[PDB]
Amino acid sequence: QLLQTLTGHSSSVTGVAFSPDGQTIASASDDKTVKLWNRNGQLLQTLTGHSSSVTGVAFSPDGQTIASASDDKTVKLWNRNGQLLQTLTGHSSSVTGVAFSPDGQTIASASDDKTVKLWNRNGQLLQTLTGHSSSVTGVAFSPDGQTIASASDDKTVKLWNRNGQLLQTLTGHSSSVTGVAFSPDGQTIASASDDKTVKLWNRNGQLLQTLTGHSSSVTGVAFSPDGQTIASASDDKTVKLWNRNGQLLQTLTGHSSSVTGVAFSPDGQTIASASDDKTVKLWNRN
């Protein structure tokens, strides 16, 4: 059920994240800003500095660092006062996503330059993971931090260890993979794809399930904190909720354009969805 609509961005909203305490929402947007919101929907700050569209946003687990990915080829790190701390340069094309390791001391970035780059918390470039043959669209850490998952326009998910050694390539999607997520218990990987499906995989690389129902590209996927519910965002303007057995639970309609990402609150009580209609919408579990 729709709880709140966050209006303020002047262009498409490309991503959304909850602060670790769940009291602050961060939105990324094509208007070159990240915005920080409260639960009532009141805008708190606007983070300016990127020279192009912002494609993703993430909080460090301690809640003290905000990372933003941008088409200007950089990741920028900010404090909770909206002040710029650092700019991570190195990617040769647009940065499409960013994520913090579970211990918060390593940062992974995905780029259209076909690589994932691993960075220390304080900006040092650690590794460049090469293997994808097209743009990398998203990245995620396993909750034990021992594995990294990367989604790519080359239609695969790749699984890496923290040395940057490629462990698995997940093959099955018919078009670009747009996002990837680990289940909280780490046993399940979910992938979203332009082929209109979500696919569920085990860490041994085996296809478990294909979640069908969306009528356009699936742009993102997320696991509830308890691991029992899957949320999918789609260019068909909806968010869909599924169970671990692939059954469609319910469909969240309300956005007037494509939904670009989705996230659960840390406490599992709220779903946030970002849309090309320039808003973030907050939903309850019912």
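Start at 1 with the first residue shown and count on from there.
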Exercise. Comparing 157 to 165 with 134 to 142, which has the greater mean CA B-factor as deposited?
Worked result: 157 to 165
For this session: Quick one: say whether 119 to 127 or 189 to 197 has the higher mean Cα B-factor in the deposited entry.
Result: 119 to 127
Exercise. Per the PDB entry, which option out of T55, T219, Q45, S60 has the greatest Cα B factor?
Worked result: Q45
For this session: Select one of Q209, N79, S175, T147: the residue whose C-alpha shows the highest B-factor in the crystal structure entry.
Result: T147
Exercise. Going by the entry, which third of its chain does the Cα temperature factor of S234 land in?
Worked result: lowest
Exercise. If you rank the chain by CA B-factor, which third does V16 end up in: lowest, middle or highest?
Worked result: lowest
Exercise. How does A67 rank on Cα B-factor within its chain, lowest, middle or highest third?
Worked result: lowest
Exercise. If you rank the chain by CA B-factor, which third does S109 end up in: lowest, middle or highest?
Worked result: lowest
Seminar exercise, completed: Sorting the chain's modelled residues by C-alpha B-factor and splitting them into thirds places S265 in the highest
